[PDB]
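Count residues from 1 along the sequence. For the numbers below, each heavy atom of this structure counts, side chains included, while hydrogens, waters and symmetry mates do not.
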Amino acid sequence: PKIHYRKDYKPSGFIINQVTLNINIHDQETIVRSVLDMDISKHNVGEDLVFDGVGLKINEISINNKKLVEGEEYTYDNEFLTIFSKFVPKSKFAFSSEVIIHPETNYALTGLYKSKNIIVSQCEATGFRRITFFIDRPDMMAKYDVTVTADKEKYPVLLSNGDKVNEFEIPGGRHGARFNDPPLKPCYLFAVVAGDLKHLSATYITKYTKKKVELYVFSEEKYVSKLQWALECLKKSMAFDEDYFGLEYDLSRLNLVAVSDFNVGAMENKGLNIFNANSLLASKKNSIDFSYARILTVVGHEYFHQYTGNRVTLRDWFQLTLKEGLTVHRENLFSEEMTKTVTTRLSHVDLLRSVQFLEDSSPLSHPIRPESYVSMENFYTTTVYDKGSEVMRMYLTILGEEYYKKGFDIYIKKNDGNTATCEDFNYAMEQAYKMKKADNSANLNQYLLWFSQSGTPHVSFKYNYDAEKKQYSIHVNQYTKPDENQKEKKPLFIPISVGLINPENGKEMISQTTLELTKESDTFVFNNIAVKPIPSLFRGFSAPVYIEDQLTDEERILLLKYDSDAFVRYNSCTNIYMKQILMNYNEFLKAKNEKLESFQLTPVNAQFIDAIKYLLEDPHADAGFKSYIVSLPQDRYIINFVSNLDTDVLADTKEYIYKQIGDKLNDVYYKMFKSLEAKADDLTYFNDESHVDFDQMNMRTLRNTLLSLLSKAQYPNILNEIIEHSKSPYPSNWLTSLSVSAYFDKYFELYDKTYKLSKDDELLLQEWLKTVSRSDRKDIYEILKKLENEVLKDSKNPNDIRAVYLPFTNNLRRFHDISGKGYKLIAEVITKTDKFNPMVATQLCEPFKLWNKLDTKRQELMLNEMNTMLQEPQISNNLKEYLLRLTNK
Ligand SMILES: N[C@H](CCc1ccccc1)P(=O)(O)C[C@@H](Cc1ccccc1)C(=O)O
Ligand SMILES: [Mg+2]
Ligand SMILES: [Mg+2]
Ligand SMILES: [Mg+2]
Ligand SMILES: [Mg+2]
Ligand SMILES: [Zn+2]
């Protein structure tokens, strides 16, 4: 089990200049012939030539067309091919090999594998070595000349990177295609696709150079009608990169391909992007609303990788955030501009502060640039991606749009043909920073700590107002808790976007201001402040931090009603909810601990409830924003604020708070649900495949949120609305009708009805499975068994497995059953999945991430299941490393 250390980076003693591949696909095997045109680098010290090569069946290997002999001249251990130094040439040489691989039984979905009737590769991070021998690391840049051959009938469409330069018939019903890709690329960006693929296509003309680019979107025949939105999103992505960044696509064709079996969302293979079908395919009849935003983001993300990942690549895998953080940030800017709704920003923050904050306070805590790994596939994390994105977004906040665009352009121009590190990006931003500050002594050396320091900073505030002086002071403190990565934490460069609200009229008292906190603490003073303001802090969520605003509930209610910034309003609401949750939780817990026969609970603040009503009745307020305010914070956000969290107590706490609010607002909720129907469910453009209205979709989100609240509340005659909702043409509506019926005797009636609606579309079925899995059912364990026996069976499709099990793990009451049966269920699935797909087994561990934050009993139950999993004889390297890290061993 080799540990790879960031500090150990060294260039290779070898060069690979040219790759010539012949991939011959047959019924029971795939034959891969490869010639590597190689050289000795300046860094060479006479070492053995070692190729990565995992699970390859060697037919023959040669050096300069001379066949090598096993044992005497080389050894192979199924992982590494070692050719002894004395047999390696001292100048330019050819290494050739012929290996057998077996895509049909490749269930790990890495390297070359079969997805239904499509042969497809996945090479990032370490999958190319599963196809053929290579020095499988991103700094080994080479040209690629690739020929794919297969049965014409089964595999009429053949795709790889670069220009298709030849097509030819082969005897015995076969055919071939040659693809030459002269520009240098790393091997993780190699891809091949073979299948009976149908397509839509368009032509895009670039903004400045007026180049014609052919756009092709591919899928299985059955689902080709679902490709239209993806095509629109691709065009949008190209336009945005041209409009915001002045960046044009450089190649003559871009292919997007949907496959049914995929470990993640998608993959940015150069000119040949490959997608989880759930992230490319959609129709209004057969997709939930969420699919539309998801496709926009995933197509966007993959397109933006062309510059940030593909043209400027990574020196090494420790630089992963350089492409992932930066590309997520580019996708975020894009989606905000396309959706024109505040919920795009709000949703990313909602994800970061629940999922990523949990990761950063867990034993798995790491910086966005890790210092080490065993399995690189374990580091494609919410921290590297989503905290990386916030670190990338902070540059823009600090610089402003103009100077940010200037620094980004410096980065692209300086690094376009080559590999890069995180320091290269910081360097480019510093050039922009020197220009903005108007002095070349200014630097961003301190900013580099965002790359190296793990843990979430806590930012706290104290205030002072002098009425006589018209002087307002904001004292700010920053603190990161010690963890296993750094004993001593250092102050970070924290941008704090601030406004000051006049509480008398709700108006801005100052111009836009970003406070630059660069020390452990600082005091920021403002003159000519005419009245005591309410501070609007971290506008836009301006730094990835715990915000401790120290405001009263009165001050927070005023910001919630009157502030201009959507995040501060959402956060004020969040903070009001958290104070209430912590109070009522401690009250419930004391009553439990002290075995009380009677006790008191503190009611929900009545003026807060009045503020929610005000906001909901406001015609101008965003429907998506409205759905957040009626929803309590995520369980995974809350757990960061409670030691030894008793999940039953938290469940009782949420239940009380929801009941308190609904007791006052249920009539308002029902009135809104009915009044929103017309615009939310409008069918005017249902048969327009390209017409996508994010406001309307947020209106449905609100209606369905309200319906959920009313069904839990058992509002009079609400089952009538549920039954009518099940007759909606929109899957977001009729699948919601399934989940909300959980509280009524008609649940299995709607189970059968919605299954029949879902069963003939692969992706829709997986959405039905998620809805069943997340259903608030007392018999949920019996239902999951029904799902296993009747639908899931022995599927190895990650979409199916994840859909059956993951949503269930958010069932606070039932997943965390005190018997440990929920934990045993998921561990069994993890262990079973690990035998064929280590990556997905690793994904299925997500529920265990908070194990040491729970009450004593549940802590012991989870740890027991994790120790049981670690004891498994055949455990993967991926799963073993992940669980060892998570359990602090
Ligand atoms: N090149 C990346 C991951 C590829 C990979 C696959 C298997 C093992 C290791 C690495 P991606 O395009 O950033 C994948 C994104 C796709 C994505 C992008 C934007 C929003 C959601 C999903 C993801 O799922 O995390
Ligand atoms: Mg094999
Ligand atoms: Mg344009
Ligand atoms: Mg998003
Ligand atoms: Mg299937
Ligand atoms: Zn990416």
Side-chain angles (χ1 to χ4, degrees), residues 577 580-581 584-585 587-588 601-606 608-610 612-613 616-617 626-635 647-677 680-681 699-728 732-754 770-783 807-808 810-817:
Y577 276 135
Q580 188 72 29
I581 291 165
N584 292 149
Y585 175 93
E587 282 162 353
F588 273 121
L601 290 165
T602 303
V604 172
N605 180 301
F608 172 57
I609 295 176
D610 276 329
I612 296 167
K613 183 176 180 281
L616 295 173
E617 290 175 341
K626 288 181 194 199
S627 70
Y628 281 115
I629 78 165
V630 298
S631 308
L632 269 58
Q634 293 272 319
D635 292 341
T647 55
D648 290 310
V649 179
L650 180 56
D652 293 345
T653 300
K654 292 170 61 185
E655 197 172 310
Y656 175 71
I657 293 161
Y658 275 123
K659 192 59 160 75
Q660 280 277 292
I661 300 167
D663 276 349
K664 288 218 165 96
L665 298 189
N666 276 350
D667 288 347
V668 173
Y669 293 169
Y670 180 74
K671 188 161 303 191
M672 281 175 73
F673 169 85
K674 303 293 292 179
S675 73
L676 290 157
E677 194 184 328
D681 291 351
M699 289 179 81
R700 290 203 284 270
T701 291
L702 181 57
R703 282 193 88 230
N704 291 320
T705 299
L706 267 29
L707 184 61
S708 183
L709 296 171
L710 290 164
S711 305
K712 296 193 207 288
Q714 298 282 283
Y715 194 76
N717 307 110
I718 200 70
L719 185 54
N720 291 154
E721 265 81 20
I722 297 170
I723 294 316
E724 286 304 296
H725 210 59
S726 77
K727 299 164 193 189
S728 176
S732 289
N733 293 339
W734 56 260
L735 286 174
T736 291
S737 88
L738 171 58
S739 63
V740 306
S741 70
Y743 308 107
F744 301 92
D745 51 41
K746 279 184 195 302
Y747 176 76
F748 282 118
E749 179 182 307
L750 290 189
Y751 179 102
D752 291 342
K753 179 197 171 70
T754 58
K770 288 187 169 177
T771 308
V772 174
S773 180
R774 212 176 285 248
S775 286
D776 193 8
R777 290 294 292 182
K778 299 172 171 185
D779 60 346
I780 190 66
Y781 283 92
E782 290 67 32
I783 292 167
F808 160 70
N810 299 116
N811 192 322
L812 186 59
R813 284 212 188 275
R814 302 273 178 268
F815 172 68
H816 302 278
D817 196 89

Do [X] and [Y] make a side-chain contact, defined as non-hydrogen atoms from C-beta onward lying under 4.5 Å apart?
{"X": "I718", "Y": "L707", "result": "yes"}
{"X": "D652", "Y": "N584", "result": "no"}
{"X": "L616", "Y": "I629", "result": "yes"}
{"X": "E724", "Y": "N720", "result": "no"}

Identify, with sequence neighbours excluded, every residue that meets ring-ring contact (aromatic ring centres under 6.0 Å, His included) alongside [X].
{"X": "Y670", "answer": "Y715"}
{"X": "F744", "answer": "none"}
{"X": "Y669", "answer": "none"}

Legend entry - Pair listing, salt bridge (charged side-chain N to carboxylate O under 4.0 Å, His left out) test, anchored in residues 700-711, at least two apart: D289-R700, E677-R703, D681-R703
If you take all heavy atoms of [X] and [Y], which pair is closest and at what distance?
{"X": "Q580", "Y": "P603", "value": "NE2-O, 3.2 Å"}
{"X": "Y577", "Y": "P633", "value": "CB-CD, 3.5 Å"}
{"X": "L735", "Y": "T771", "value": "O-CG2, 3.1 Å"}
{"X": "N733", "Y": "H725", "value": "O-CD2, 3.0 Å"}
{"X": "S711", "Y": "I722", "value": "OG-CD1, 3.3 Å"}
{"X": "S726", "Y": "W734", "value": "O-CB, 3.5 Å"}

Inset, instruction - Could you go through the side chain to side chain contact (heavy atoms under 4.5 Å, CB included) check for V772 and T754 one step at a time? - result: CA-CA 10 Å; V772 174; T754 58; over 6 Å; no
Taking only residues two or more places apart in sequence, or in another chain, which ones meet [X] in a salt bridge (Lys or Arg N to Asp or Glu O under 4.0 Å)?
{"X": "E721", "answer": "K674"}
{"X": "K654", "answer": "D635"}
{"X": "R814", "answer": "none"}
{"X": "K659", "answer": "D663"}

Legend entry - CG (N717) with more than 12 external heavy atoms under 6.0 Å: no
Give a yes or no answer on whether the side chain of [X] reaches the backbone of [Y] with a donor-acceptor pair at less than 3.5 Å.
{"X": "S739", "Y": "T736", "result": "yes"}
{"X": "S708", "Y": "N704", "result": "no"}
{"X": "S773", "Y": "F808", "result": "yes"}

Partners of [X] by side-chain hydrogen bond (donor to acceptor under 3.5 Å, both in side chains), sequence neighbours excluded?
{"X": "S627", "result": "none"}
{"X": "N811", "result": "none"}
{"X": "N666", "result": "none"}

Legend entry - side chain to side chain contact (heavy atoms under 4.5 Å, CB included) between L706 and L676, intermediate numbers included: CA-CA 11 Å; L706 267 29; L676 290 157; 4.2 Å; yes
Legend entry - Check against salt bridge (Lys or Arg N to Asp or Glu O under 4.0 Å), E617 and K613: CA-CA 6 Å; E617 290 175 341; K613 183 176 180 281; 3.4 Å; yes
Inset, instruction - I would like to know whether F815 and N810 meet side chain to side chain contact (heavy atoms under 4.5 Å, CB included); could you show each step before the answer? - result: CA-CA 7 Å; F815 172 68; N810 299 116; over 6 Å; no
Legend entry - Gap between atom CG of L738 and atom CZ of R774 - 0.5 Å precision: 13.0 Å
Legend entry - Those residues that, when tested against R777, pass side-chain contact (heavy atoms from CB on, under 4.5 Å) (two or more places apart): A742, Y747, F748, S775, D779, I780, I783
